[PDB]
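Shown below, as structure tokens, is a lone chain in the form deposited in one PDB entry; questions about how it binds or moves come after it.
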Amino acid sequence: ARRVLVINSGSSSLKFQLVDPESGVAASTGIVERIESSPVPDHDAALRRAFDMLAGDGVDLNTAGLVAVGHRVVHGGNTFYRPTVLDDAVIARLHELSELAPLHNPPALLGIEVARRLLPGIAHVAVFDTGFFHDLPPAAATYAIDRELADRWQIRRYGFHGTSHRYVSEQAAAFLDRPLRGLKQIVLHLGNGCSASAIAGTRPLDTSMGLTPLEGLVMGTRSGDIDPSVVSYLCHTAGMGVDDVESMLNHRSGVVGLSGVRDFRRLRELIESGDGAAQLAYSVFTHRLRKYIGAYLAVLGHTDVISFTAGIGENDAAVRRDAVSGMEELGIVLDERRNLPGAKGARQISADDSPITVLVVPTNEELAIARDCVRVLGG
């Protein structure tokens, strides 16, 4: 029996999961936090802690049938898109992308360097969150700005949550018992970050995030779509700097910017007690999502299935209902008995007579990455 250790290395925290790719069982899962007065000063002590934690649940990596270490990287730019076996020269090369993702890419490189020292007798593979969308058609990838300037600095729509969108699309096909290559579909990843995609066969046609993960849907702490003139306008009126504006749009916007709350489950309570700011944030969220659904129906022309996924998507009945209500003339009919809170697994939530099928499909990024590692190392 064989296993893959999957790592997600951010700036103040580190996530890990040890998983068997054939059965899908997770032997051990955990997170190291707060990497100021902390027992974990740097990234070296952090990986050492994860080891102690694995030992504590009865795991030993010499006995566990370890065959690979998989590392998550947010941005592969225009040059890294397939799963990639790591060496010295590939790693040096990866440093050139920090321009595109300065908060997220450098701590992943830290995680790679440490893992390679402490575990030199095992192959290490990088997997890129941008990779599924590398082949977007040019009509959808190209922004309408100065050509020469765009090509020089590699500006285009990159897209994110690629591992999740590809996994759900495959599982939706299996649930329906139909070949994936003959399907057209829409996927909605609703978590702390939010994005939508439109997919034909095995190839994506469009997606809601852009150059960076800021664009598109309304999120927990990010604005999504906004006129790029806000930057200039805030400079000339408020005397705000460019770095200040960008930071406000990433960490002090979305639901928290409108209502003061990040935690989506608190928002329902505050609405029932008559808080006006909370009701406005929920309806701004809902309005943006309805637009992306209609826009992708037109892009596709004919749509077989629509699927909800991630933390909010798999669990929030009110959200799914408010996303597609009043759309029967477009082909969507929801069934209230089936859309009930508290259900489990892949399931149908639309009426039997709905022209377009609607599903909940749970996501499993770590399991998809483990299967990617084994494939690249020769089956």
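We call the rigid core the largest set of C-alpha positions that still match within 1.5 Å between the two forms. Residue numbers run from 1 along the displayed sequence.
Gap size between residue 334 and residue 333, counted in deposited residues that the entry leaves unmodelled: The entry leaves nothing out here.
Looking at the entry, does 303 to 311 or 70 to 78 show the higher mean C-alpha B-factor? Between 303 to 311 and 70 to 78, it is 70 to 78.
Mean CA temperature factor from the deposited coordinates, higher in 193 to 201 or in 113 to 121? Higher mean C-alpha B-factor in the PDB entry: 113 to 121.
Reading the B-factor column of the entry, which of 316, 328, 322, 57 has the highest value at its C-alpha atom? 57 has the highest C-alpha B-factor of those listed.
Among the modelled residues of its chain, does the C-alpha B-factor of residue 48 lie in the lowest, middle or highest third? Its C-alpha B-factor, which the entry lists for residue 48, ranks in the highest third among residues of this chain.
Determine, from the deposited record, the chain-internal third of the Cα B-factor for residue 347: lowest, middle or highest. According to the entry, residue 347 has a C-alpha B-factor in the chain's lowest third.
Determine, from the deposited record, the chain-internal third of the Cα B-factor for residue 279: lowest, middle or highest. Its C-alpha B-factor, which the entry lists for residue 279, ranks in the middle third among residues of this chain.
In terms of the CA temperature factor given in the entry, to which third of its chain does residue 175 belong: lowest, middle or highest? For residue 175, the deposited C-alpha B-factor lands in the middle third.
For residue 87, return the chain-relative third of its C-alpha B-factor as stated in the PDB record: lowest, middle or highest. Residue 87: CA B-factor falls in the highest third of its chain.
What follows is about the form deposited in another entry, which we do not show.
After fitting the rigid core, tell me which of 141, 173, 270, 295 has its Cα displaced by at least 2 Å between this form and the one not shown. Comparing the C-alpha positions, the one residue that moves 2 Å or more is 270.
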